[PDB]
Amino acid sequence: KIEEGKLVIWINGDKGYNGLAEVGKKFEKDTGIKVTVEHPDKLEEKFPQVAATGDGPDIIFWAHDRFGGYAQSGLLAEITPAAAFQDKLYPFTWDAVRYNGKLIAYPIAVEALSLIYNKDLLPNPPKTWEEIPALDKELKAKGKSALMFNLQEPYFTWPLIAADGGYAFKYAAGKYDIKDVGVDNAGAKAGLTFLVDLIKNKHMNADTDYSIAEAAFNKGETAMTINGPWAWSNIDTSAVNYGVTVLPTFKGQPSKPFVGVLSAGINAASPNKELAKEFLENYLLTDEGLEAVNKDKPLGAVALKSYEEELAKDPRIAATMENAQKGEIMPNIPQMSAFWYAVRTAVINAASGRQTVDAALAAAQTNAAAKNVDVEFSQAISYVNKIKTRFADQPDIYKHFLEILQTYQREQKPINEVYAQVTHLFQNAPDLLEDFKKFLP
């Protein structure tokens, strides 16, 4: 039910949506087309649900890592920029929004996490993660803390996890191997273990989130934080004098932040694709438009060459790009969301103590990696054997088992309803219910 003759835009609540709304108001005056900018929570999760039936915004803003999943699901229109417009943007940013040979979004800005530190508490920031524990002890004797940052989102903890060898998907010459995940190798384990020890030795608190960390840094309570360029404007208001620098090294190796490219995608079900392209190309992606958003919340290093050549003179931008060079630009493949969900659970479970690092990351490795088809078939054989162990007197049990799985596909049965059908059929014991979940998660 996307209405024709208007533009509805979704953008995350930490970006400069008020500045984006002003670009929209200039668009409305020139064209008569009302532009509405909304920032719903979890918009990156709501968009696949509403767009699939033809609803949702005309334009969705998010980092490029979500967009490949959207495109594979037929939710994004293909971008049709003339060659002259494409030359206005850096080629590596166009690469970030390319999926299966097609441009599926307009890139806006390059984002990378940096180390933000209080120059009146810490004139020289630490070069290594390893010295932070003793630095915290010295600062705790002066009524301060060393480091506070968002421990709830794996975006913020991944640079340390990846530093010694962790990775999301192995890049093998032009394709990401969705079967080669590096979430439970020795490097990822060493990085998450340093994180959990920081919490264990009371240098960080597992409950710290984005807002707790931002308030503590902007009040001068903690000497360091980890954040992106969108956070700089609130620090400008705070009276804290801060520097933006390269993240600390772990085991002598640089932290590797996942680099995001903020991108605007056009809903495939939108009846306003021409209006969306005009707004994005001729209003937002200009010096005038980006400055309007950038003055609300800084965007990072923008994709537009003309505006970025002036933004690159900021040492905070130069530090952002230095951290980007040491990190890796994110894959956009559809498997990214499962990777992020798996790592979020692992960090949270390990940080709180509910699981060891090794257990937490082994479960995340299985959740993020594609199935080993030879392994699962052997488990299917073991599962069949288990049925015969407990139901030797029910010769029709396999016929009814297959019927459930067939009807699942033929009639679009919800998965949890399939689960109830399995537990009722195997009414004797629920081990067959637990064993079944792996085959259909």
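Each residue number is its position in the shown sequence, starting from 1.
Looking at 169-177 and 264-272 together, the entry lists the larger mean B-factor for 169-177, computed on C-alpha atoms. Set 374-382 against 51-59 and average the Cα temperature factors; 374-382 ends up higher. Per the PDB entry, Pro315 shows the highest C-alpha temperature factor of the residues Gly191, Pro315, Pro334, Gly228.
Looking at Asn185, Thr208, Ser114, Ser306, the one whose CA carries the top B-factor in the deposited record is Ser306. When the CA B factors of the chain's modelled residues are split into thirds, the value for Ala83 lands in the highest one. Sort the chain's modelled residues by C-alpha temperature factor and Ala141 lands in the highest third, per the entry.
For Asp95, the recorded CA B-factor ranks within the middle third of the chain. Only modelled residues enter the ranking.
Ranked within its chain, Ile11 lands in the lowest third, by CA B factor from the PDB record. When the modelled residues of the chain are ordered by their C-alpha B factor, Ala429 lands in the highest third.
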